[PDB]
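Order of the sequence lines sets the chain letters (A, B, ...), proteins ahead of strands, with each chain counted from 1.
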Amino acid sequence: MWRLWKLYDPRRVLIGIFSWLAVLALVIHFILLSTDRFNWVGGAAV
Amino acid sequence: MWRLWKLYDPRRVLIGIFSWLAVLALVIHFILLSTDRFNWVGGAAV
Amino acid sequence: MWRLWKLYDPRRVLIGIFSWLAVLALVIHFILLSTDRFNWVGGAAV
Amino acid sequence: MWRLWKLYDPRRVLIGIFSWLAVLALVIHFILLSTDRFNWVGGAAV
Amino acid sequence: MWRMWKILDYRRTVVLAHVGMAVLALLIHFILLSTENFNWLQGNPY
Amino acid sequence: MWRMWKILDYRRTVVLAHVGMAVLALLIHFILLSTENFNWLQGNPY
Amino acid sequence: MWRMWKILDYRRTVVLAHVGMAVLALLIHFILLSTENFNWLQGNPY
Amino acid sequence: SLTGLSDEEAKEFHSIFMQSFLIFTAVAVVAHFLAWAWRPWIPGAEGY
Amino acid sequence: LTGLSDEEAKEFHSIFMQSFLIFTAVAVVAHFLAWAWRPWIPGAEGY
Amino acid sequence: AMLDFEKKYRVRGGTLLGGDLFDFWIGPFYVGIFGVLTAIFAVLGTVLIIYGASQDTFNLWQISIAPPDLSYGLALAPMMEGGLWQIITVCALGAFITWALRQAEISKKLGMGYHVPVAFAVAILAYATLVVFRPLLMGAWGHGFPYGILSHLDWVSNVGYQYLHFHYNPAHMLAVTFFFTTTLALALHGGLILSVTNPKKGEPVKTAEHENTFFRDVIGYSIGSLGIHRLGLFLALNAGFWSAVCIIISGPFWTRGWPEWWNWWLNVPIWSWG
Amino acid sequence: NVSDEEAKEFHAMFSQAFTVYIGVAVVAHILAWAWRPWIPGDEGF
Amino acid sequence: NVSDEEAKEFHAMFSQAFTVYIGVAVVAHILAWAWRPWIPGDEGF
Amino acid sequence: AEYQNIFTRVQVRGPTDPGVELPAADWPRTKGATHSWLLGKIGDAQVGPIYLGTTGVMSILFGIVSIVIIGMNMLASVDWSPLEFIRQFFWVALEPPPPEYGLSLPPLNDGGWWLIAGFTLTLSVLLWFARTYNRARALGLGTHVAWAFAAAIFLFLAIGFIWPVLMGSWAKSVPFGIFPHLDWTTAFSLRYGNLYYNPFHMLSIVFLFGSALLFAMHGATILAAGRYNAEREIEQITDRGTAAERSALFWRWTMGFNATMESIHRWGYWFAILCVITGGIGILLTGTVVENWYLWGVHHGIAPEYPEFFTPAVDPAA
Amino acid sequence: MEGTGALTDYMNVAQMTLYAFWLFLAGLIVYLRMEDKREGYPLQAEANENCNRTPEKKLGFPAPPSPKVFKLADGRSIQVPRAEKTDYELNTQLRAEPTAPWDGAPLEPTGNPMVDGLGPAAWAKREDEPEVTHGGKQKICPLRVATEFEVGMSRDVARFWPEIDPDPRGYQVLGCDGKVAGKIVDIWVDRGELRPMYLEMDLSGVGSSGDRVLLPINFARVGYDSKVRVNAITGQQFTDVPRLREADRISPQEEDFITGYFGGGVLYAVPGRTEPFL
Ligand code: BCL
Ligand code: BCL
Ligand code: BCL
Ligand code: BCL
Ligand SMILES: CC[C@H]1c2cc3[nH]c4c(c3C)C(=O)[C@H](C(=O)OC)c4c3nc(cc4[nH]c(cc(n2)[C@@H]1C)c(C(C)=O)c4C)[C@@H](C)[C@@H]3CCC(=O)OC/C=C(/C)CCC[C@H](C)CCC[C@H](C)CCCC(C)C
Ligand SMILES: CC[C@H]1c2cc3[nH]c4c(c3C)C(=O)[C@H](C(=O)OC)c4c3nc(cc4[nH]c(cc(n2)[C@@H]1C)c(C(C)=O)c4C)[C@@H](C)[C@@H]3CCC(=O)OC/C=C(/C)CCC[C@H](C)CCC[C@H](C)CCCC(C)C
Ligand SMILES: COC(C)(C)C/C=C/C(C)=C/C=C/C(C)=C/C=C/C(C)=C/C=C\C=C(C)\C=C\C=C(C)\C=C\C=C(C)\C=C\CC(C)(C)OC
Ligand SMILES: [Fe+3]
Ligand SMILES: [Mg+2]
């Protein structure tokens, strides 16, 4: 599996992964904010 | 009048005349189909 | 009429003929569908 | 003031002036027509 | 009148005739389909 | 008036005359068809 | 005032004068036609 | 001649052209006589 | 003229007609079945 | 008469049909077989339009050849009840298709690519969308637009308002953007070429290095002399293509108000915020 | 340019067609007037 | 450039095709007229 | 199977181009220029450098203030919610003053922010015109691009500034928003009776459609003649090659007439600016000298008359 | 009709403003049409086109404007339309014969139209001095003399995904019939547009390995299989592609010679290309 880094550029993999993490974390955090139950700053009641 | 063909190519006048006759025949047949009196397939009465 | 093939490429004639049949067959089939009598899949009753 | 004609082409200036005079004369004539008092063809009464 | 094939290329005319006749035949068949008395598919009383 | 053809090319004038008269002849025939008293196909009372 | 033709090209001016006067004459005739007191075709009371 | 046709070929084309025009016009005249016999296309003072 | 000898053109004109005949033969049969199902030429009274 | 360099180009061949029979020029026009066809279709359609004008009015703006009623469906209508429109429509389609096929022959005769006929086919596709594809999908030829200078403007108005706000059509938004962008690109390209070849009086004609430098100075990017013609064709053809898309989805694929189509955006779970 | 003979030859060709065309046009207009005159009076047609 | 012999040969093929096409068209029109005449009378069909 | 000249296959990268040297009074260009493979497929691959002068920088400052004012008002309109800002992105706007204020200065939250945003945006485009004008002069080019831009500004100023001033109220001007300014476009046509009947709107469409038509023709012609190096249009203008000859002959044989390599750009230039010039004039005419464009069309005999299809409605209050 | 904008009982401001633009537009169309006539005018009306049987010059409407003067950077002034380009066109004797004597009949080439310059093979009369950039360098030049240029816009793309960033040096050249004409030995680049203009290739497949010839990049299909396919001409016809006067420079006239030759193959490369589908 370490042969991946001879085949793939580590920088473009990490930039690709970090971009995916940045977008995914933002989308999930935003999705929770849109829901009444999981909007932590809205302070809704279960 | 035979000297007209020393000025105009026979082929180009034949195309010109046949195109004019084709267009003219279609227009008149179509114009007759528009009028009720001469719409033979329409079969209007006099 | 065998001399007709000395004047035309047989491949191009077949392409033209076959393309004409394809358009003709589709139009006639779709015309019959539009009719309230020959629409076979529509369950028309005479 | 005659030195002006060495700075600018006499033909170019005259065309510019004549076009300016033509457009201005049309505008003023139509401005008068728009007004009720100065419309000569309309025959208004003051 | 074999002389007509000196002025006009015969094999080029044959292709033109077939394409042209196809359009005319389709046009007339479609005209009859639009008519009440000659729509053989609809079969209105004569 | 044969001196006209030393000034105007006879060959191009004839073509210009035929096309121009074709438009005019069609135009006048269509003008009559627009009227009530001169549409021979409609045959309105005169 | 014949020095006007050393500054202005006479041949160009005459053509432009005819076109320009055609435009002006058509405009003024049409202005009179749009009025009620000077439309000679309609013949309104003056 | 700016067509290539000689005088005799210009006359030959004219003879067939005039003959073809006359035969075309003759069929047209027969067609119009049959058309007129069916329904005349010139209205009277009171119309059709 | 397109490159084709008399032998080849005559050979093509035999397969072409047989292909045309077979195509038309099936089409005629298909029209026999279609007519037996519902005729498409109406009478004076219609359908 | 011919251009002083035209003689060496007027050669034989390159036709798709007709060949030597129609391969000639009448004045500047190349004829070909499709030129005869496009002339026959054009005159026939125009004369039929003029006849339709004679039966209604000769006012140039008020001439209108209207399609049949929706009650006729896909059937051919009587001549004075939309049948004339149907005949002119097939004549116009024939005229347009033969026009592009004629350009293909001219392209081949000059050794040029077929970009012009293909780009024109996009316009033909848009027209065929209006009078064939959309009427077919909706099931009646009466959905086509009437053949009139001012009457077809009323058709565009009413069809646009059938969806209560046509500005909210997503494909229409994209197509308008391409239309606005291509005339911006045309003004830039037309101006840039003129600016280089017609510089401030006295200065010499500038080079391609000035062209790249100018637009990199203004906006920081220059697309090049080849890129701009690719971009111009791209923007114009997408304007044509997305115009066809916006009208083809109006009624066959969307029957409600176009603003309501954006309700999917308003209900995205990421940014519902409620 | 063209010679006097060629100009006269063209005009002879032109005069043949002009006479026939104007002759048919004149006859056509006489028939047309005999059918329905196109100049209305003060009360119309 | 086309010679008389091949022009006659082209006309020979054209004449054969034309008469076969004419024959079917004439027969088709006879059948169509027998089915329904397309020339209306004073009162129609 | 032929190269369609749609994407560049083989690319060559030299050193980044500093550009034609400017007179020793302009600001230095930026030092950041790169090459993009993706942009080299379509055209020139170099991105940057960009010139930042006095007018360029000032235009950005006015433009940023305009965008900040518009953006902050948009964000405040959705209660500072970035989620609601994304959700309502096409619907939010900076609204013009209500009609009660006329042409006077309205309060900030009642059209004042709109007027400030409109003023600074106008200044930025005016300074950008001067920036485009100066860049052409600095390189010794003609100012055709600047004057084409000035024609665009004329419609921008006619729609947003000149026509509202003629009408006597800022309320008639257009809001800074995506869907709201489409609503203004439609409400403009509804208010003044079907802007389809405005002749200058018709003409503006002629040149808008004619611009796309011309660029489709010219873009395809140059790409079709790209075999003969047609895209090198400057050389083809000063030294007519076979590409210019074939391009001219292609359209002459097609439609009887043709342009030159230089003259087709004049056609495209004037079609683009006439679209925007006639558009501006038509907007100035409506409301000022024409109330209802349809009734004006009826007055001039251009409105078609339709036969009866339904029972016409009668106004109950008539 | 009352209200603001009224000019008469019928005329109003919006109507007169429209007619003002019609006058401006008509004048503009005349100006644009005159700009269209600065190349190729006056028209040459050959003898068969007129009843007077003598060549004539036709202006058309609107008539062509006065000649335009271009100031060039090197220090020259060229008047458009150029005298020598027109003089060359009206003095050369085409190796083609019209199929019919009347005007508008197409020309039938007598010799080899690809090398004689008929139709798609035609070339324009252009200057024989190779172009230079604004700096002063040679404008179009091969990579060997222009060492600042490397093949491939992105090193990473050309290295790891070379299919979409190809380096066609060393590839094989295939004609329209699959004949292997030769091998690309160099790429010519334009210093003004930074693009490959030509692919220099030896004729090893159909001639000598030392004979160099230029293949225009727009006539070359650079595939993904280390092949360059030329649908324009036959592989054997590469031997007649016009040669450079100088081995390292190409002039605008030479560019027309080369692109003209390959363009001649659109109609004349193989028998049947000049014939219709049916
Ligand atoms: C209520 C009205 C609605 C609206 C309703 C519609 C409707 C309905 C339609 C559009 C369509 C369009 N709208 Mg909208 N639209 C509105 C407002 C706008 C605004 C604006 C500023 O507000 C703009 C810029 C547009 C722009 C557009 C374009 C995206 C598109 C028109 C271009 C096109 O169709 O190309 C296509 C080009 C053609 C079809 C031309 C065809 C060319 C043919 C093949 C060649 C003809 C040759 C000719 C006969 C030759 C003549 C003879 C010679 C001259 C001698 N709309 C308003 C909000 N809009 C149209 C569309 O996209 O459909 C495709 C359409 O149908
Ligand atoms: C026998 C071989 C040929 C033939 C050989 C010749 C020869 C030889 C000659 C003619 C000439 C003529 N032929 Mg011929 N002609 C033939 C058979 C016919 C037939 C027929 C049905 O049989 C007809 C109707 C005609 C008709 C004509 C006329 C066009 C013309 C004679 C009138 C004239 O002198 O015009 C003169 C009038 C003008 C020149 C005015 C030009 C009109 C311009 C174009 C302005 C019109 C504008 C228009 C109204 C615009 C429309 C409105 C739009 C809305 C804008 N010919 C056959 C096919 N014919 C003669 C000719 O053409 O001379 C000039 C001539 O010499
Ligand atoms: C096995 C051999 C080949 C074959 C070998 C030949 C040979 C050889 C010949 C023909 C010819 C013909 N063949 Mg064949 N043909 C075959 C089998 C057929 C079949 C069949 C179903 O079996 C049919 C129906 C036909 C039909 C035809 C006709 C097109 C033509 C004979 C009439 C004629 O003289 O045209 C002449 C009539 C015209 C030229 C009139 C042209 C009409 C113009 C073009 C009208 C166009 C305007 C248009 C309608 C406008 C539309 C506007 C609308 C509003 C849209 N062939 C097979 C496929 N055929 C002959 C021919 O075409 O010679 C010219 C000929 O020599
Ligand atoms: C229901 C809608 C109405 C309609 C209502 C209007 C109204 C209102 C107008 C138009 C206008 C136009 N209409 Mg309309 N229009 C209709 C239907 C159509 C149809 C169609 C097929 O149906 C079409 C093709 C058109 C097309 C057109 C154009 C001809 C014209 C716009 C030209 C333009 O490019 O402006 C776009 C270009 C500009 C506005 C100039 C841009 C230049 C400025 C400087 C850009 C600055 C950018 C800035 C710095 C960016 C940063 C800013 C910040 C980020 C905020 N309309 C129907 C009838 N239409 C306009 C016109 O000219 O009227 C005659 C106009 O005002
Ligand atoms: C798709 C991108 C754009 C585009 C591209 C484009 N157009 C093109 C081309 C290209 C690449 C050509 O090569 C071709 C050309 O040769 O241009 C000079 C053309 C062309 N685009 C034209 C027009 C045109 N293009 C338009 C639009 C566009 N063209 C797009 C915006 C429009 C619009 C939007 O309205 C018009 C009117 C022509 C100038 C020309 C094609 C001309 C042609 O085919 O003429 C044939 C001969 C005739 C006289 C036509 C007769 C047709 C019928 C028999 C009668 C009329 C029927 C019609 C339905 C009437 C409608 C009237 C009402 C709508 C008022
Ligand atoms: C002939 C009329 C057509 C036309 C022409 C036209 N437009 C033009 C031009 C021309 C000739 C130009 O020369 C000019 C231009 O620059 O073109 C490239 C322009 C232009 N047309 C534009 C837009 C435009 N044109 C339009 C329309 C049209 N343009 C017509 C169709 C439209 C429409 C349809 O609405 C728009 C939106 C601009 C792209 C440009 C004018 C640019 C301008 O005015 O700039 C100043 C304005 C601002 C708002 C300033 C913006 C500042 C930035 C937001 C700064 C960003 C922050 C920071 C500095 C970035 C770096 C970040 C750091 C973190 C590093
Ligand atoms: C919170 O956001 C941040 C800060 C993070 C950044 C985000 C910014 C965003 C998202 C900005 C979004 C902007 C958008 C979407 C803008 C949309 C703009 C559109 C579509 C505009 C369209 C048309 C608008 C027009 C035509 C406006 C014209 C207005 C004019 C011409 C105004 C002129 C006003 C003048 C000249 C004022 C003069 C003032 C005087 C002194 C004369 O008054 C007394
Ligand atoms: Fe260009
Ligand atoms: Mg709003």
Spatial distance of atom CD (M:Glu235) from atom OG1 (J:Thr207) [nearest 0.5 Å] | 8.0 Å

Tightest non-hydrogen contact, residues M:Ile234 and J:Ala208, listed as CD1-N, 3.7 Å

Which portion of M:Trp128 sits near chain J, non-hydrogen atoms under 4.5 angstrom | side chain

Pairwise side-chain contact, M:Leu249 with J:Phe5, heavy-atom cut-off 4.5 Å (strictly under) = yes

By a 4.5 Å heavy-atom criterion (distance strictly below it), what part of M:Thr238 contacts chain J: side chain, backbone, both, or neither?
-> side chain

Side chain, backbone, both or neither: which part of M:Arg227 has an atom under 4.5 Å from a heavy atom of chain J?
-> side chain

Side-chain heavy atoms of M:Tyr306 within contact of J:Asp154, under 4.5 Å = yes

Which atom pair, heavy atoms only, marks the closest approach of J:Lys109 to M:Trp253?
-> CD-CZ3, 3.7 Å

Interface residue of largest heavy-atom contact number with chain J, from M:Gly40, M:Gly268, M:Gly297, M:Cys275, under 4.5 Å = M:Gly268

Selection from M:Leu39, M:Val47, M:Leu22, M:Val276 maximising heavy-atom pairs under 4.5 Å formed with chain J | M:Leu39

Interatomic spacing from NE2 in J:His229 to CZ in M:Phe215 - rounded to 0.5 Å = 6.0 Å

For J:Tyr168 and M:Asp183, test the side chains for any donor-to-acceptor distance below 3.5 angstrom and give the result as yes or no.
-> yes

What about the rings of J:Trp262 and M:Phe90, do their centers lie closer together than 6.0 Å?
-> yes

Looking only at heavy atoms, which two atoms of M:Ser211 and J:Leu186 are closest? And how far apart?
-> O-CD2, 3.4 Å

Rounded to the nearest 0.5 Å, what's the gap from NZ on J:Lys200 to CG on M:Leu141? Could you check?
-> 12.0 Å

Donor-acceptor under 3.5 Å (J:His115 side chain, M:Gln4 main chain) = yes

Donor-acceptor pair, side chain of J:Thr182 and main chain of M:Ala212, under 3.5 angstrom | no

Interchain contact, M:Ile222 with chain J, by part (heavy-atom threshold 4.5 Å) = side chain

Please confirm whether M:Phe209 and J:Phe179 have ring centers closer than 6.0 angstrom.
-> yes

Contact class of M:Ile237 relative to chain J, heavy atoms under 4.5 angstrom | side chain

Applying a strict 4.5 Å limit to non-hydrogen atoms, the region of M:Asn258 in contact with chain J is side chain

Separation of J:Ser225 OG from M:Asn229 CG (nearest 0.5 Å) | 10.0 Å

Quick check, are the ring centers of M:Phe89 and J:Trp265 under 6.0 angstrom apart?
-> no

Any M:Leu83 side-chain heavy atom under 4.5 Å of J:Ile270 side chain = no

Residue, of J:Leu233, J:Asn59, J:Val268, that accumulates the most heavy atom pairs under 4.5 Å with chain M | J:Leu233

Okay, M:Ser81 and chain J: the region with an atom under 4.5 Å from a heavy atom over there is side chain

Could you look at M:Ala146 and say if it's the side chain, the backbone, both or neither that has a heavy atom under 4.5 Å from chain J?
-> neither

Heavy-atom contact with chain J under 4.5 Å, split by part of M:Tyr228 | side chain

Heavy-atom distances under 4.5 Å only: say whether M:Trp251 touches chain J with side chain, backbone, both or neither.
-> side chain

Student check: side-chain heavy atoms of J:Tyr161 and M:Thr186 closer than 4.5 Å | yes

Test: M:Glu245 and J:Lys8 ion pair at under 4.0 Å | yes

Region of M:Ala220 that comes under 4.5 Å of a non-hydrogen atom in chain J | both

Examine the side chains of M:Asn5 and J:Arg230 and answer whether a donor and an acceptor come within less than 3.5 Å of each other.
-> yes

Give a yes-or-no answer on whether the side chains of J:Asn212 and M:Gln46 include a donor-acceptor pair shorter than 3.5 Å.
-> no

Side chain / backbone / both / neither for M:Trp91 at chain J, heavy atoms under 4.5 Å | side chain

Flag the pair M:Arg252 / J:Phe29 as yes when at least one side-chain heavy-atom distance between them is below 4.5 Å, and no otherwise.
-> no

With chain M, the option among J:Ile26, J:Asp56, J:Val156 that has the most non-hydrogen atom pairs under 4.5 Å is J:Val156

Heavy-atom closest pair (M:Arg240 atom, J:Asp4 atom, distance to 0.1 Å) is NH2-OD1, 3.9 Å

Heavy-atom pair with the smallest gap, counting every atom of J:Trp61 and M:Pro304 = O-CG, 4.4 Å

Assess the side chains of M:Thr242 and J:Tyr9: does a donor N or O sit below 3.5 Å from an acceptor N or O?
-> yes

Heavy-atom pairs under 4.5 Å with chain J, option from M:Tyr196, M:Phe309, M:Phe149 with the top count = M:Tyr196

Between J:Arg216 and M:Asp44, does at least one N-O distance fall below 4.0 Å, as a salt bridge requires?
-> yes

Between M:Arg29 and chain J, which part of the residue has a heavy atom less than 4.5 Å away: side chain, backbone, both or neither?
-> side chain

So, does M:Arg131 use its side chain to make a donor-acceptor pair with the main chain of J:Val218 at under 3.5 Å?
-> yes

Answer yes or no: is there a side-chain heavy-atom contact under 4.5 Å between J:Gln62 and M:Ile302?
-> no

Of M:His265, M:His144, M:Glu262, the residue whose pairing with J:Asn198 passes side-chain hydrogen bond (donor to acceptor under 3.5 Å, both in side chains) | M:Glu262

Quick one: are M:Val78 and J:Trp273 in side-chain contact, heavy atoms under 4.5 Å?
-> no

J:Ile106 and M:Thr254: which non-hydrogen atoms are nearest, and at how many Å?
-> CD1-OG1, 3.5 Å

Atom NE2 of J:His167 and atom CD1 of M:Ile178: how far apart are they, to the nearest 0.5 Å?
-> 13.5 Å

Heavy-atom side-chain contact between J:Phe214 and M:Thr132 under 4.5 Å = yes

Under 4.5 Å to a heavy atom of chain J? For M:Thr30 that would be neither

Greatest number of non-hydrogen atom pairs under 4.5 angstrom with chain M, of J:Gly111, J:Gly27, J:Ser107, J:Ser64, falls to J:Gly111

Give the C-alpha distance, both sets of side-chain angles, the deciding distance and a yes or no for ring pair (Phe, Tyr, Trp, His ring centres under 6.0 Å) between J:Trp271 and M:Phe85.
-> CA-CA 9 Å; J:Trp271 50 71; M:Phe85 184 77; over 10 Å; no

CD1-CD distance between J:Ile193 and M:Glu233, expressed to the nearest 0.5 angstrom = 4.5 Å

